[PDB]
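> here's my sequence, what's the structure:
(3 chains)
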Amino acid sequence: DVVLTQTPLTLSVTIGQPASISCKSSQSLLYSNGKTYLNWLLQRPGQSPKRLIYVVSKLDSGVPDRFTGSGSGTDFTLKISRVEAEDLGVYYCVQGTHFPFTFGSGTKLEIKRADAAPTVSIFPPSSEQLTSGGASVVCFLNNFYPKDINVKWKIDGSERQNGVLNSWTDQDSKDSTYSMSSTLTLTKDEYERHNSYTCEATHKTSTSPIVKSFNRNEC
Amino acid sequence: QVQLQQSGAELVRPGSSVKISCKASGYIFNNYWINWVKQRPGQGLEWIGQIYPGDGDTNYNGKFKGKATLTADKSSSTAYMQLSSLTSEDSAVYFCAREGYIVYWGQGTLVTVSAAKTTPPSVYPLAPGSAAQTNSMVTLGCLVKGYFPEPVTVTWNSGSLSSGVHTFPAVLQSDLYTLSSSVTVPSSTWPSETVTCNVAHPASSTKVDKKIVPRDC
Amino acid sequence: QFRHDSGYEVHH
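Numbers count the residues shown, from 1 in each chain, chains lettered A, B, ... in the order given. Sharing the structure here:
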């Protein structure tokens, strides 16, 4: 099968800077009719793929002319003249000259932007959930950059890891930030054995944690 | 407008089969190839095969021969892919696509291969503690707990609250998924304007609209 | 997404 090798496999690009992805084929992609069926797709997290370029250099309608494609035979390039926040996602070259059709491995384009501190919010369990005998405490660490972050829970002033699960969003298509949720799941009985619930975010934007807390006795 | 409407999320027991559909509209169905593409969780894209509805011609990736069978109902302009004898390697999103000088894509069908039971979510509000300090903005949310299989969708105010929304990827434990979604609005508008999360768990036919109300003891 | 002119219509 035709092996398509993309370089680099990841890009981190500042807004306004150009970018370039290489795609190299193990076989000529020139077809019998004179056409070269090397196309480029983009897939955002949460979306279906979309085609941007077909037969090396033709631009799909509605795709900004910031995107251009070039190449011949076995060496191909996708170029972005200036990157915008909405260009994030995974770019693929794909070939239709030879059966079976094949895809490159994908190049993840991440946006690089100014550092941003997380906005931290903590939420007590709902009365609805407590009626069912459960108690989840949720902390959001929203709209920060860069993506690396750590969360620590303190319950009545003491660190707690038991029952904590974390989840990170993909990069935001508008502001280029990341967000994270941290959820501490307890039974109602266990939740009712402690008063102060604290979520602490450690991020490069501060030398000390950003801390949000609530007390069980304050509704 | 050209549309490819794929069938909804599937749960398939190991060793069983499934047939997913791609209903085309807005163009002459017989005149364009339909391709099928696989995306396993976290991996790239793979080509399965294609059908030309006009004459039923097919071409397959040999990797999927004996796993995938492609057909097309010309009268209903619907393409189908049958997947046989499923294993965990078949859990993936499957897309259909209409080839052409413009390409159009289905929204994808998630297939989960599992012996675990469908379970609807419990949806809980996330509202700040009553003694929390007030800011110019307030962040609210919904906790979507204990469902199976994927996916769930969350919107806020029927999609009218778009910016300032973060829906987090679910976490899996004990064959149940949990996720939360957050939204930020001006503090002057809540609760005077209602904020509601709209949760859908298609595999269990569950739709829940949860209004976020200030805590009151 | 692979061979844009492989169906009924080829531009000419």
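
> helices of chain B, residue ranges please.
Using DSSP state H, no helices are found in chain B.

> closest residue of it to chain C?
residue B:31 (3.8 Å; Cβ to the nearest Cβ). For the C-beta atoms, the positions are set from N, CA and C on the backbone; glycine is no exception.

> quick one: contacts for that residue?
By Cβ atoms under 8 Å, 6 or more residues apart in numbering or on different chains, the residues touching residue B:31 are B:54, C:7-9.

> closest to chain A among the residues you listed?
For the contacts of residue B:31, the minimum distance to chain A (Cβ to the nearest Cβ) is 12.2 Å, reached by residue C:7.

> wait, that closest one sits on residue B:32?
Yes: Residue C:7 lies in contact with residue B:32 (Cβ atoms under 8 Å); the separation is 4.4 Å.

> which of those two has more neighbours?
residue B:32 (24 against 20; other Cβ atoms under 10 Å in any protein chain shown).

> per-domain residue ranges of chain B.
B:2-115, B:116-214 (curated CATH domains).

> what's the closest of the ones you listed to residue A:7?
domain B:2-115 (14.9 Å; Cβ to Cβ).

> thinking again about what came up before, anything in contact with each of residue C:7 and residue B:32?
In contact with both residue C:7 and residue B:32: B:52, B:99-100, using Cβ under 8 Å, 6+ apart.

> ok, so of the residues you listed, who is nearest chain A?
residue B:99 (8.6 Å).

> not counting sequence-adjacent ones, nearest residue to that closest one?
residue B:33 (4.1 Å; Cβ to Cβ, 6 or more residues apart in numbering or on different chains).

> middle-most residue in chain B, spatially?
residue B:151 (5.1 Å; Cα atoms, centre = their mean).

> mind listing what it touches?
Residue B:151 neighbours (Cβ under 8 Å, 6+ apart): B:9, B:110, B:201-202.

> I'd like to know which of these is nearest to residue A:148.
residue B:110 (29.7 Å).

> what sits against that closest one?
B:9-10, B:92-93, B:149-151.

> also residue B:91?
Per Cβ under 8 Å, 6+ apart, neighbours of residue B:91: B:40-41, B:111-114.

> try 10 Å
B:10, B:12, B:40-41, B:110-114, B:149-150 (Cβ atoms under 10 Å, 6 or more residues apart in numbering or on different chains).

> equivalent analysis for residue A:67, please.
A:40, A:42, A:52-53, A:59-60, A:78-81, A:87, A:91.

> of the contacts of residue B:110, which is the most crowded?
Result: residue B:149 is most packed of the contacts of residue B:110 (other Cβ under 10 Å), 27 neighbours.

> apart from its chain neighbours, what residue comes closest to that residue?
Spatially, and ignoring its direct neighbours in sequence, residue B:149 is nearest to residue B:112 (3.8 Å; Cβ to Cβ, 6+ apart).

> pretty sure that neighbour sits against residue B:94.
No: the pair residue B:112 / residue B:94 is not scored as a contact, 11.9 Å apart, by Cβ atoms under 10 Å.

> so who does residue B:209 touch?
Taking Cβ under 10 Å, 6+ apart as the test, what residue B:209 contacts is B:123, B:142, B:155, B:157-158, B:196-199.

> got the residues of chain B near chain C?
Applying Cβ under 10 Å from any Cβ of the partner chain, we find that chain B lies next to chain C at B:28, B:30-35, B:37, B:45, B:47, B:50, B:52-54, B:59, B:95, B:97-105.

> mind giving me the domain ranges of chain A?
Split by curated CATH domains, chain A gives A:1-113, A:114-219.

> what is the end-to-end distance of the last one?
End-to-end distance of domain A:114-219: 38 Å, with Cα to Cα, to the nearest Å as the criterion.

> over to stretch A:195-215?
5 Å.

> repeat for stretch B:187-200
With Cα to Cα, one end of stretch B:187-200 sits 27 Å from the other.

> the residue in chain C that chain A sits nearest to: what's it in contact with?
Of all residues in chain C, residue C:2 sits closest to chain A, with a separation of 3.0 Å (Cβ to the nearest Cβ). Shown in contact with residue C:2 (Cβ under 10 Å, 6+ apart): A:37-39, A:51, A:54, A:94-97, A:99-103, B:33, B:35, B:37, B:47, B:50, B:97, B:99, B:103.
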